[PDB]
$ cat my_file_22.cif   # mmCIF, C-alpha atoms
data_coords
loop_
_atom_site.label_atom_id
_atom_site.label_comp_id
_atom_site.auth_asym_id
_atom_site.auth_seq_id
_atom_site.Cartn_x
_atom_site.Cartn_y
_atom_site.Cartn_z
CA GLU P 1 3.32 4.10 12.64
CA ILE P 2 5.79 6.21 10.65
CA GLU P 3 2.91 7.77 8.71
CA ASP P 4 1.10 8.58 11.96
CA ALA P 5 4.23 10.29 13.26
CA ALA P 6 4.52 12.32 10.05
CA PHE P 7 0.84 13.27 9.76
CA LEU P 8 0.40 14.31 13.39
CA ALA P 9 3.27 16.79 13.02
CA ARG P 10 1.86 18.00 9.70
CA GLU P 11 -1.44 18.98 11.32
CA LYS P 12 0.38 20.90 14.06
CA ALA P 13 1.92 23.11 11.38
CA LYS P 14 -1.45 23.62 9.70
CA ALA P 15 -3.04 24.52 13.03
CA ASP P 16 -0.25 26.97 13.83
CA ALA P 17 -0.32 28.52 10.36
CA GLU P 18 -4.08 29.08 10.53
CA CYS P 19 -3.92 30.27 14.14
CA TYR P 20 -1.34 32.92 13.24
CA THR P 21 -3.36 34.12 10.25
CA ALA P 22 -6.55 34.34 12.31
CA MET P 23 -4.93 36.55 14.94
CA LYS P 24 -3.50 38.73 12.17
CA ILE P 25 -6.93 39.03 10.55
CA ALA P 26 -8.31 39.79 14.01
CA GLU P 27 -5.80 42.61 14.44
CA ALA P 28 -6.69 44.11 11.06
CA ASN P 29 -10.42 43.77 11.73
CA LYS P 30 -10.21 46.34 14.53
CA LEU P 31 -9.35 49.15 12.10
CA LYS P 32 -11.02 47.73 8.98
CA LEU P 33 -14.46 46.96 10.45
CA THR P 34 -15.67 50.49 11.05
CA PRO P 35 -19.37 51.40 10.87
CA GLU P 36 -18.89 52.96 7.43
CA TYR P 37 -17.15 49.88 6.04
CA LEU P 38 -19.81 47.62 7.55
CA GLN P 39 -22.53 49.70 5.87
CA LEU P 40 -20.65 49.59 2.56
CA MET P 41 -20.36 45.80 2.73
CA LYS P 42 -24.02 45.54 3.74
CA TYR P 43 -25.05 47.35 0.57
CA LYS P 44 -22.50 45.50 -1.59
CA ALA P 45 -23.72 42.08 -0.41
CA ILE P 46 -27.02 42.49 -2.30
CA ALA P 47 -25.90 43.97 -5.62
CA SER P 48 -25.99 40.55 -7.28
CA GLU R 1 -1.80 -63.45 -27.18
CA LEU R 2 -3.52 -60.15 -26.39
CA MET R 3 -4.49 -61.58 -23.00
CA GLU R 4 -0.82 -62.11 -22.16
CA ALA R 5 0.09 -58.62 -23.40
CA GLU R 6 -2.29 -57.14 -20.82
CA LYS R 7 -0.61 -59.23 -18.12
CA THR R 8 2.75 -57.57 -18.81
CA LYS R 9 1.19 -54.15 -19.43
CA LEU R 10 0.26 -54.19 -15.74
CA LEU R 11 3.94 -54.48 -14.83
CA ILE R 12 4.87 -51.47 -16.97
CA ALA R 13 2.33 -49.34 -15.10
CA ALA R 14 3.73 -50.49 -11.74
CA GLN R 15 6.98 -48.69 -12.68
CA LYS R 16 5.53 -45.74 -14.57
CA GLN R 17 3.79 -45.05 -11.26
CA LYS R 18 7.13 -44.51 -9.53
CA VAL R 19 8.45 -42.47 -12.46
CA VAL R 20 5.42 -40.15 -12.35
CA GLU R 21 5.69 -39.86 -8.57
CA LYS R 22 9.34 -38.80 -8.83
CA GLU R 23 8.52 -36.22 -11.50
CA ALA R 24 5.73 -34.79 -9.34
CA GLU R 25 8.08 -34.63 -6.35
CA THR R 26 10.63 -32.76 -8.47
CA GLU R 27 7.98 -30.24 -9.50
CA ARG R 28 6.94 -29.83 -5.86
CA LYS R 29 10.52 -29.09 -4.80
CA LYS R 30 10.95 -26.55 -7.60
CA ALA R 31 7.72 -24.77 -6.64
CA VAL R 32 8.74 -24.63 -2.97
CA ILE R 33 12.11 -23.12 -3.88
CA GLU R 34 10.36 -20.52 -6.04
CA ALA R 35 8.03 -19.64 -3.16
CA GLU R 36 10.98 -19.16 -0.80
CA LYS R 37 12.66 -16.93 -3.39
CA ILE R 38 9.54 -14.77 -3.59
CA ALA R 39 9.37 -14.56 0.21
CA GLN R 40 12.95 -13.30 0.52
CA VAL R 41 12.54 -10.80 -2.31
CA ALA R 42 9.41 -9.47 -0.61
CA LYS R 43 11.33 -9.11 2.66
CA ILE R 44 13.93 -6.95 0.93
CA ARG R 45 11.24 -4.87 -0.77
CA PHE R 46 9.53 -4.26 2.57
CA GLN R 47 12.76 -3.08 4.18
CA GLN R 48 13.13 -0.69 1.24
CA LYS R 49 9.55 0.52 1.75
CA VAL R 50 10.19 1.26 5.43
CA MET R 51 13.24 3.32 4.46
CA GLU R 52 11.12 5.05 1.81
CA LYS R 53 8.54 6.07 4.40
CA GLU R 54 11.16 7.30 6.87
CA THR R 55 12.57 9.58 4.17
#
$ encode --input "my_file_22.cif" --output "structure tokens"
Amino acid sequence: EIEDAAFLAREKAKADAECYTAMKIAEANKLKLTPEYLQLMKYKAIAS
Amino acid sequence: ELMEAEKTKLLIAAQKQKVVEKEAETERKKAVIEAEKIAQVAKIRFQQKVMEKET
């Protein structure tokens, strides 16, 4: 029971930490993901 | 003569029986006390483990 109490709260922190990062990546994506950058990544994805 | 020796040898066994029974009972009591000791020690260890997990 103690371990369940500890683990459940641990996963809330992980969910919050990932949720905050995702919104921050979402905010950056608006400026980063321009047509030119998308084309550049398109052509870089096949170099290997 | 050997026939009569066997007659008394029966009597010796009738008392060695009680001696062996008492020794076995003593061993039983010692083992039970040891088991109770282990039980109490385990109880203390489990309390310590619960405190461990709270911390």
$ resolve_selection --input "my_file_22.cif" --expression "the PyMOL selection byres ((chain P) within 9 of (chain R))" --output "number ranges by chain"
P: 2-3, 6
$ axis_aligned_box --input "my_file_22.cif" --around "range 22-35 of chain R" --padding-each-side "3 Å" --output "lines of an AutoDock Vina configuration file"
center_x = 8.9
center_y = -29.2
center_z = -7.2
size_x = 12.4
size_y = 25.2
size_z = 14.5
$ atom_distance --input "my_file_22.cif" --atom1 "CA of residue 46 in chain R" --atom2 "CA of residue 29 in chain R"
25.9 Å
$ atom_distance --input "my_file_22.cif" --atom1 "CA of residue 27 in chain R" --atom2 "CA of residue 45 in chain R"
27.0 Å
$ atom_distance --input "my_file_22.cif" --atom1 "CA of residue 18 in chain R" --atom2 "CA of residue 35 in chain R"
25.7 Å
